[PDB]
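Student:
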Amino acid sequence: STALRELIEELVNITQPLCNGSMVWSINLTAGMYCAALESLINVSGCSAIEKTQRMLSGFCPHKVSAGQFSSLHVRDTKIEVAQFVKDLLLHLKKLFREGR
Amino acid sequence: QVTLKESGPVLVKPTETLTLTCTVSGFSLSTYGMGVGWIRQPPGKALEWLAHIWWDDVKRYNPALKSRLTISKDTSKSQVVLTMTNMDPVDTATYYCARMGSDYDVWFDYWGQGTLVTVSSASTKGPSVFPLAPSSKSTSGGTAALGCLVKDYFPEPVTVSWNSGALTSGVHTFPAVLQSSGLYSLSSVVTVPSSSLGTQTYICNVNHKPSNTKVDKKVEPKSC
Amino acid sequence: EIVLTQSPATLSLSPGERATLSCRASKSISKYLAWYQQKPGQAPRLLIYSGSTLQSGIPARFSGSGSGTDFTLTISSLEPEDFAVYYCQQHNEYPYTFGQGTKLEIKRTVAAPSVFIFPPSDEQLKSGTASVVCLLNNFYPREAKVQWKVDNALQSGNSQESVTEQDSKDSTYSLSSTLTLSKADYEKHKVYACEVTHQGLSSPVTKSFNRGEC
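Residue numbers (the deposited numbering), protein chains in the order written: chain A, 7 to 22, 27 to 111; chain H, 1 to 224; chain L, 1 to 214.
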């Protein structure tokens, strides 16, 4: 996918201390969870370095995602550092890309 | 150092199944980002990607060939296995395994040496070796050519040397041609001063490993 | 399926000169084009990935550029070791595809071939077949015409030719042509001639023999 590749490249760009101090809800990374990933990341407020990632994610989610609002993200227990979240998201997206899915 | 090695050259009969193994060193097939692909190249033709597999068993196959291909890996054996069913003469090619140079994208940074796979009904046969007789008399005073015609063997390859490798200057060993009979033929020639035809011995040493045939052919002036 | 068209099929240049190799894709591949170099009997060697990234161990005279549908591999000043076949491969999308290659060959001064002809051996004739062989030795350019004649009848379709790789030391080619006839047919004729035409020969050179005369 052209959108997928571009998002991979952006995540590589920004991870090679992203939003230092910012914690987000952990996700149970499995296929198609673009909505959940955005539902978590949309809640980061003072970090311009992830703004593009946020816009890019909206392209992959068929519904509007607004901060404070949840639907696709059903579990909110563990909170993790943004850097870790985005690194884990990256490996997940690379797998999708490798799979052709 | 990263190395890859394909299993030995093989002959497959039409309709039969090809199995190739790639043995790897300098990386682990369970390490994040590691992947191995197979790429083939028919004689005189372009490279064609067949399939690849990643460290986590994610696989991709060339869609034109998908029904015929299987790929697998075994980290404990450091081996990647390609299986290709219903082989056809058109599948005669050198088969390479190669490592992906990226953790998620598809281009290849380290390559095996390649292995020749021949698909044919023909049976393994060693060559007949005929003289290409010196082109002039020793007294002629020009430069002469002589050679050996290495005819009707199967499969590729043969190697040719002269005088057990002592003669290399002026030697040309030609690419084989595939004849209508399904057997290959090539020539090896050497140019020498006509004056040496009296004094010096010329022997071509032909080796056809597939049939375990070795031939030493002495090439003399044709007694006219 | 993305089709990659490489131009020109063969590029003839001298060492010292700047080379430009082209690769064009049937549709956009963004920046994701790889280049490989391949020498006779050897596996391909990765030179460039993602359009312009130079692989480690590749000298800096090489550069890739381009995006979209038009890409180039350039070499600022050709060294002897650079003459080889070059393939492009796109890695934008599945299925991954390669172009058909550009052969980069050394342009040198014209060299006329020395020509030799060889009768079938008695050993072979015993088996029922005659191979007659004509050799064109150490010539440049690669283009040459070999015309078999049997009792002045021009032969066609009953020969096969092969050509060596360009010589590493003098940049010449050699060619072998084999004319094949049954023994019965061979014995029906007298004069076997190989007529060669090449840029280096002011007029065609004919080498011949008469069956049975030596």
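We put the beta carbon where it would ideally sit given N, CA and C, even for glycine.
#1: Could you check whether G66(L) and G51(L) sit closer than 8 Å to each other, using their CB atoms as the reference points?
#2: Cβ atoms of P155(H) and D88(H): under 8 Å apart, would you say?
#3: Which first and last residues belong to the alpha helix (DSSP H) in which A98(H) is found?
#4: Taking the beta carbon of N212(H) as the centre, do at least 16 other beta carbons fall within 10 Å, making it buried, or is it exposed?
#5: Please check the pair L82(H) and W54(H), which I expect to be a contact at CB under 8 Å, by giving their CB distance rounded to whole angstroms.
#6: Since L65(H) is in the alpha helix (DSSP H), which residue starts that stretch and which ends it?
#7: To which residues of the same chain is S177(L) closer than 6 Å at the C-beta, ignoring the five residues directly before and after it?
#8: Would you mind listing the beta strand (DSSP E) stretches within the segment 115-190 of chain H that are 3+ residues and don't spill past its ends, in chain order?
#9: If we cut at 8 Å on Cβ distances, does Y202(H) have a partner in chain A?
#10: In chain order, what residues of the same chain have a beta carbon less than 8 Å from the beta carbon of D151(L), not counting five sequence neighbours either side?
#11: Hey, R211(L) and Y173(L): beta-carbon distance below 8 Å or not?
#12: Counting only Cβ-Cβ distances shorter than 9 Å, please list the residues of the segment 78-112 of chain L near chain H, keeping chain order.
#13: Do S121(H) and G198(H) have their C-beta atoms within less than 8 Å of each other?
#14: Looking only at DSSP bridge pairs, what is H52(H) linked to?
#15: Could you tell me whether the Cβ atoms of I117(L) and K39(L) are closer together than 8 Å?
#16: Within the chosen definition, does the segment 91-106 of chain A reach the segment 50-64 of chain A through at least 3 CB pairs nearer than 8 Å?
#17: Determine which residues share a DSSP beta bridge with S114(L) and list them.
#18: What's the gap between the Cα of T23(H) and the Cα of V80(H)?
#19: Locate the beta strand (DSSP E) running through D167(L), then write down its first and last residues.
#20: Is the Cβ-Cβ distance between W107(H) and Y49(L) less than 8 Å?
#21: Excluding the 5 residues preceding and the 5 following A84(L) in the sequence, name in chain order all residues of the same chain whose CB lies nearer than 7 Å to its CB.
#22: For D151(L), which of helix, strand or coil comes out of DSSP?
#23: Using 8 Å as the limit for Cβ to Cβ distance, is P141(L) near chain H?
#24: Determine, using beta carbons only, whether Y95(H) and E6(H) come nearer to each other than 8 Å.
#25: Please identify the residue among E15(A), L99(A), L106(A) and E16(A) whose C-alpha is closest to the C-alpha of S36(A).
#26: Can you check which of these residues, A93(H), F27(H), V90(H) and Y104(H), is closest to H91(L) by C-alpha distance?
#27: Excluding sequence positions up to five away, which residues of its chain have a Cβ less than 6 Å from the Cβ of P131(H)?
#28: Three-state secondary structure (DSSP) at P89(H)?
#29: State yes or no: is the beta carbon of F107(A) nearer than 8 Å to at least one beta carbon in chain H?
#30: Against chain L, does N62(H) count as a neighbour if the rule is that its beta carbon must be under 8 Å from one of theirs?
#31: Interface residues of chain L around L69(H) at Cβ under 7 Å?
#32: On the DSSP bridge list, what partners appear for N205(H)?
#33: Quick check on the burial criterion: 16 or more other C-beta atoms within 10 angstroms. Buried or exposed for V90(H)?
#34: Going straight from the alpha carbon of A41(A) to that of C57(A), what length do you get?
#35: Can you tell me whether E93(L) is buried or exposed, with buried defined as 16 or more other CB within 10 angstroms of its CB?
#36: In the segment 52-76 of chain L, which residue ranges form an unbroken beta strand (DSSP E) of at least 3 residues, counting only runs that do not cross its ends?
Tutor: In brief:
#1: yes
#2: no
#3: Taken as a continuous stretch (DSSP letters only), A98(H) belongs to no alpha helix (DSSP H), being part of the beta strand (DSSP E) at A93 to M100.
#4: exposed
#5: Not quite, the Cβ-Cβ distance comes to about 15 Å (not below 8 Å), so this is no contact.
#6: It is not in any alpha helix (DSSP H) - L65(H) carries neither H nor E in the DSSP assignment.
#7: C134, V146, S159 and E161
#8: 115-119, 128-132, 143-153, 159-162 and 171-173
#9: no
#10: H189, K190 and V191
#11: no
#12: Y87, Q89, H91, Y94, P95, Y96, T97, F98, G99, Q100 and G101
#13: no
#14: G37(H) and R60(H)
#15: no
#16: yes
#17: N137(L)
#18: 7 Å
#19: No beta strand (DSSP E) holds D167(L); DSSP gives it neither H nor E.
#20: yes
#21: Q37, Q38, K39 and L104
#22: coil
#23: no
#24: yes
#25: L99(A)
#26: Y104(H)
#27: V219
#28: helix
#29: yes
#30: yes
#31: In chain order: nothing, as chain L lies at least about 12 Å away.
#32: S161(H) and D216(H)
#33: exposed
#34: 27 Å
#35: buried
#36: 62-67 and 70-75
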